[PDB]
């Protein structure tokens, strides 16, 4: 009974442009795993682990061709080499980017295309 796309965009609209901060988890500064953890807690009542390393072990893996809104997409980015976002369809994803804060990006940007690693499904 959940409009998943609407709820993810609700979170994004509440967090748009919040600055990136490695280890942060407030609107004063948040990182990529932090934003994903907070989204799924507040919008879907799910408790993901805190770190990107643990988040890529959650749920089940999905191929890039089978991506669905709400899947986690993972890239080789940021100072830890592990960077996570939330797929929202149309080849787009929301994430706390290291350079620009919470933003929408596209899987088809060369920067992200060449850094894409894998994806996880945590929503039924």
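Residue numbers count along the first chain shown, from 1.
Higher mean CA temperature factor between 43 to 51 and 61 to 69: 61 to 69, per the PDB entry. 73 to 81 and 52 to 60 differ in mean CA B-factor, and the higher of the two is recorded for 52 to 60. In the deposited entry, the Cα temperature factor of residue 106 places it in the middle third of its chain's modelled residues. Per-chain ranking of the deposited C-alpha B factor places residue 92 in the middle third. Ranked by Cα temperature factor within the chain, residue 26 sits in the middle third according to the deposited record. Sort the chain's modelled residues by C-alpha temperature factor and residue 113 lands in the highest third, per the entry.
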